[PDB]
Amino acid sequence: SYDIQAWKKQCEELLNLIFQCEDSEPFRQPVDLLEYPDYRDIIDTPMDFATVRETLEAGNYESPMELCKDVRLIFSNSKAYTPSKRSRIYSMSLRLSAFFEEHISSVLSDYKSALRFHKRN
Ligand SMILES: CNC(=O)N1CCN(C(=O)c2ccc(COc3ccccc3)o2)CC1
């Protein structure tokens, strides 16, 4: 299964599934600073799933590993901003992270396998 380009549509489909998840709603668009005035005191690099989708559609990811790094930043930002492990929004982040990691593992494996096949000779 050695298509070097297949990851892109696989990531578009997984982002579609993430946007159907009620657990993604807090992570779809940027944090408003009027509502969370200290957010940028804690978070140096904001990230959200609309920014991930637009970067993909612009042709500004070279690999699914780069997309995976930005999605993982969404979740680490939630973990750093939460005042407790038991917050609503951080609890939604943990379920959505488990869903994402379950689905991205084959996308990464197939891509890396396809690159190794390309360089086999
Ligand atoms: C459009 N998206 C946003 O505005 N976001 C809000 C901030 N955020 C977080 O990841 C996060 C982690 C924990 C919390 C809030 O915790 C509370 C704790 C007790 C009472 C009320 C809230 O927010 C990203 C999504």
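Just so we're aligned, residue 1315 is where the sequence shown starts under the deposited numbering, counting upward by one.
Idealized CB from N, CA, C, for every residue including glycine.
- Counting only residues of its own chain and dropping the five nearest sequence neighbours on each side, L1387 has a CB closer than 6 angstroms to the CB of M1361.
- In this structure, DSSP gives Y1350 a state outside helix and strand, which the three-state scheme calls coil.
- Three or more pairs of CB atoms, one per stretch, sit closer than 8 angstroms, so the segment 1414 to 1430 contacts the segment 1316 to 1330.
- Beta-carbon to beta-carbon, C1325 and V1421 are separated by about 6 angstroms, close enough to satisfy the 8 angstroms threshold.
- Taking 8 angstroms as the cut-off, the beta carbon of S1407 is found closer than this to the beta carbon of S1392.
- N1435 and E1416 have their alpha carbons spaced roughly 32 angstroms apart.
- Annotation: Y1316 is outside any alpha helix (DSSP H) and is labelled neither H nor E by DSSP.
- Counting along the chain, the unbroken alpha helix (DSSP H) around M1379 starts and ends at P1378 to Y1395.
- Only residues of its own chain outside the window of five on either side were considered, and among them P1378, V1421 and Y1425 have a CB closer than 6 angstroms to the CB of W1321, listed in chain order.
- Ligand 1 approaches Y1395 closely enough that one of its heavy atoms is under 7 angstroms from the residue's Cβ.
- In this chain, the alpha helix (DSSP H) harbouring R1402 covers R1402 to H1432.
- Assignment of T1359 by DSSP, reduced to helix, strand and coil, places it in the coil class.
- Rounded to whole angstroms, the Cβ separation of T1369 and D1355 is 25 angstroms, and the two are not in contact under 8 angstroms.
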